Amino acid sequence: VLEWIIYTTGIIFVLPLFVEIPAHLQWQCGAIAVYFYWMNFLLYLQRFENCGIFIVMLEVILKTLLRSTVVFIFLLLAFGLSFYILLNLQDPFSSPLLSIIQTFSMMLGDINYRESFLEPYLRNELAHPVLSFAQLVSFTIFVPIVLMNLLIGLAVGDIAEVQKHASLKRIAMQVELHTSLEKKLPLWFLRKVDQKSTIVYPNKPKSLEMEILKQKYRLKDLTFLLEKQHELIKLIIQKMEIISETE
Amino acid sequence: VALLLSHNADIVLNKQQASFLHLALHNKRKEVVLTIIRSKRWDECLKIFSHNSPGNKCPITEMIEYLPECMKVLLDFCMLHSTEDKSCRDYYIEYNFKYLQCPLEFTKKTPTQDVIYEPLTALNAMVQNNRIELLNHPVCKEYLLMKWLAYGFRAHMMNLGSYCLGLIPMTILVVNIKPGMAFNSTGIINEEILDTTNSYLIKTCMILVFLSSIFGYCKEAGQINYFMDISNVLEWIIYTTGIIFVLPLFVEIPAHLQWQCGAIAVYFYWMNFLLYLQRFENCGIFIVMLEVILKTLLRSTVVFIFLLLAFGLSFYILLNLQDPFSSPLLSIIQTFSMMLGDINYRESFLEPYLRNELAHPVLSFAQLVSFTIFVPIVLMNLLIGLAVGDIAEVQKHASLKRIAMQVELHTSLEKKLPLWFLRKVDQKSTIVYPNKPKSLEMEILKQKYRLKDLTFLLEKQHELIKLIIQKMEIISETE
Ligand SMILES: O=P(O)(O)O[C@H]1[C@@H](OP(=O)(O)O)[C@@H](OP(=O)(O)O)[C@@H](OP(=O)(O)O)[C@@H](OP(=O)(O)O)[C@H]1OP(=O)(O)O
Ligand SMILES: Cn1c(=O)c2c(ncn2CC(=O)Nc2nc(-c3ccc(N=[N+]=N)cc3)cs2)n(C)c1=O
Ligand SMILES: Cn1c(=O)c2c(ncn2CC(=O)Nc2nc(-c3ccc(N=[N+]=N)cc3)cs2)n(C)c1=O
Ligand SMILES: *[C@@H]1O[C@H](CO)[C@@H](O[C@@H]2O[C@H](CO)[C@@H](O)[C@H](O)[C@H]2NC(C)=O)[C@H](O)[C@H]1NC(C)=O
Ligand SMILES: *[C@@H]1O[C@H](CO)[C@@H](O)[C@H](O)[C@H]1NC(C)=O
Ligand SMILES: [Ca+2]
């Protein structure tokens, strides 16, 4: 999808090479092309080993964030549609869609307390003062504090889980890269470039489980030997001589 | 046991109504249980148990409680394949739900005098013992999916539809009329002129909100522990305010009251919608996390509301000539707003100071530093650390909790549907075409058992050796 968008818009950005075009369309396609080009460059960077674990982390966090919008987009609807009614005489809240975008922007802590709540209140320009100040407190508690801390905790967990398997995943990426490359090169070329050894001059420019497993094996061998010994002892008793100590 | 079964041995109970299978299970003898399973006569062995016994229940529940690794084999026996070729399209897997059904089926007599078995007995037994590795077995997964597609999806889409029938016309009314204007079924009163276009939609939505509020009132009076729940309070508020928002359908009302009730209704509607969403599995763990974090935050306001009092009442004295701090309550709200880092240093402290308008400069600048250290840094980092801990704790048990939610959903649904309907929609097996559209503790436990057996054998051997010494012959080596 990314590459289809890139090619379709890049072909329109430079189309006046052949056929004329309005400047507005040309630059509005350039704005999309120059953005998706550099966003798609990261998928090329994710191959190299020194900088490909960050793309894995970025993808994990982004997926986790997108799986929760199906839920936490109704908080935005609730607060935006109530702010559209309470603060309707102000320009940032003069339309349902603008009021939902302003509420999305206030999610990081940029609430505009003095400009939207205090100063209209001291001018007698709030239609519902008590409700407007109660909504401010409930919003501040619910969204910039609770929701953002929820997202931070999720990200901390995801990154810990990714770091737990960093080395193995890093090596497996390289192994898979070269394995895929081998299934497409010609035979004679692989014969030509392959080597059998290498020379290096340095001067020139999960344990506890294994232990308990081993000792389990030892214990089983011990049991086997003890049973053989018990059989031998019973044989002794049934073959011995008893004369003076008979009943 | 294999030799005694190969000959026609009887399978009876004793004085405790325990068969040999119960004795093998209570002592965790894995190999004899696997032998009983792999053999013939497994059917009668399964049927032999008896109810009315609080100690020796159905063999399946006992096997889930004591030896789950044998239940795994018993379940593996329930997946049949076709051509055994992954590529073939006629290759289909059949799942058989033979052992997950009610124990009252296995016994032929079935008196059911005082015996009442809850629905989904096997799955509830798996949940009450944290058998997560069993709940992820494909047979149990297909069992739950069959129950879902059989009646759960429908029983919950009916609930969602009944709620949206009042949720959607409310939103349609809000985003189609300008707030502050009076309106009735005839149209919008522009004060008098009367805008009459789109009156049909307005009338339809005003009727749909009224009916939903009335039916909600009736259902809630039917449910009437009640006032303790939160959903009850939310729905009472929703219905009470929604009935006032559309009241001009019958009796006139001031526009101010109408819209100030609409502002509360349209907010609590969408806030209550999340409690409906928390049922579905792909998006119900976030509501659990949200609730945990919110409870933890509310338990600390009883403490960290005195920091706000201290700082607000001192700022009310130090910066009293400025409008944001010109009253005790306004000064406490401004301090609450400054909690996220929006301090207004240049507008409240620096610029008044360079105009000689601060009454107490040194104290005013010392309070700024102590506030910045105490609240936007220490308190917020405390809250962040608490949230990180809570979310880690919730994620530790994500899969088991997710499955238990579905099991409880369907269990509750079963106790209310009619018998014949459950008979009609229930299935016994399913066919699937794929092509078509905690260990260390167990190890040390096992080796503890092995060590105890070793000790027992060694003691028997010691006794035998002492017998040898006391019976042998001694003639040439006597003293
Ligand atoms: O009689 P088996 O079914 O073959 O199993 C027992 C043993 O059973 P316990 O776990 O109850 O002690 C282990 O079986 P698993 O846990 O692996 O199922 C063991 O495993 P290891 O060999 O890994 O130690 C090995 O069984 P298996 O060979 O199938 O792994 C062993 O039987 P044997 O030592 O006679 O093979
Ligand atoms: C995939 N892999 C390795 O990466 C590897 C490796 N052994 C060592 N390295 C490290 C390495 O060659 N790193 C490199 N980084 C770039 C690079 C980085 C950023 C750029 N940004 N720009 N422009 C452009 C290029 C080029 S070579 N083995 C065995 C392997 O399999
Ligand atoms: C409770 N449960 C499952 O959920 C389940 C399941 N097996 C698969 N699922 C997933 C599922 O059906 N997900 C669904 N999601 C919606 C939905 C989501 C958001 C909405 N928002 N809006 N509007 C509205 C509807 C409908 S069905 N089993 C066995 C089960 O017991
Ligand atoms: C809806 O509101 C309008 C506006 O007040 C009502 O129309 C008025 O009705 C009275 C009584 O019949 C007349 O005296 C006014 O002249 C009407 N106003 C206009 C602008 O024509 C209407 O009756 C209300 N509808 C209902 C069902 O109550
Ligand atoms: C009718 O509404 C318009 C705006 O929608 C307003 O400018 C006008 O004053 C209203 N008419 C009357 C009589 O109030
Ligand atoms: Ca209720």
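Here the Cβ positions follow ideal geometry from the backbone for every residue, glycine too, while neighbour counts run over all protein chains shown. Any read-out appearing in this document is the output of simple, stated calculations on the displayed coordinates, not a laboratory observation.
Taking the beta-carbon count within 10 Å as an exposure proxy, list B:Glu351, B:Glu252 from fewest neighbours to most.
Fewest to most other Cβ atoms nearby, the residues stand as B:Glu252, B:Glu351.
If I model a spin label as a point 7 Å beyond the Cα along the Cα-Cβ vector, how far apart are those points for A:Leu97 and A:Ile152 in nm?
Result for the modelled spin labels: 3.4 nm.
For the residues B:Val302, B:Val127, B:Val288, what sequence is obtained by ranking on other C-beta atoms within 10 Å, fewest first?
B:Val302, B:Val288, B:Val127
Specify the inter-centroid distance of the stretch B:289-357 and the stretch A:45-77, based on alpha-carbon positions, in whole Å.
Cα centroid to Cα centroid, the span is 35 Å.
Given only helices, namely DSSP H runs of n ≥ 4 each adding -39500 (n - 2.57), what is the per-residue ellipticity at 222 nm of chain A, to the nearest 500 deg cm²/dmol?
-22000 deg cm²/dmol
Based on the mean of other beta carbon atoms within 10 Å per residue, what is the order of A:231-237, A:72-78, most packed first?
The densest-packed peptide leads the list: A:72-78, A:231-237.
Counting partner chain Cβ atoms within 10 Å of every residue's Cβ in B:261-267, what's the average?
Across the residues of B:261-267, the mean count of other-chain Cβ atoms within 10 Å is 6.
Taking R0 as 56 Å, what FRET efficiency do you get between A:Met240 and A:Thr198 from their Cβ-Cβ distance, rounded to the nearest 0.05?
Approximately 0.20, to the nearest 0.05.
What is the average number of partner chain Cβ atoms found within 10 Å of a Cβ in B:335-342?
That works out to 5 on average.
Within 10 Å of each Cβ in B:292-301, how many Cβ atoms from other chains are there, averaged over the peptide?
On the way: counts 1, 6, 6, 0, 2, 5, 2, 0, 0, 1.
Per residue, the average neighbour count from other chains is 2.
Mind checking the stretch B:294-374 for trypsin sites (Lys or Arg not before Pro) that DSSP puts in a loop (not H, G, I, E or B) and that have at most 12 other Cβ atoms within 10 Å?
Taking the stretch B:294-374 and a limit of 12 other Cβ atoms within 10 Å, the loop trypsin sites (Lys or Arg not before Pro) found are B:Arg299, B:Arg355.
Taking the stretch B:22-91, which GluC sites (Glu not before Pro) meet the DSSP loop condition and have no more than 13 other C-beta atoms within 10 Å?
Answer by residue number: B:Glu84.
Quick check on the exposure proxy: order B:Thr296, B:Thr112, B:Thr241 from fewest to most C-beta atoms within 10 angstrom.
Working: B:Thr296 16, B:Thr112 11, B:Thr241 20.
With the sparsest Cβ surroundings first, the list reads B:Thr112, B:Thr296, B:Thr241.
Between A:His178 and B:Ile116, how many nm apart are label points set 7 Å from Cα along the C-beta direction?
Between A:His178 and B:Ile116, the simple spin-label model gives 6.8 nm.
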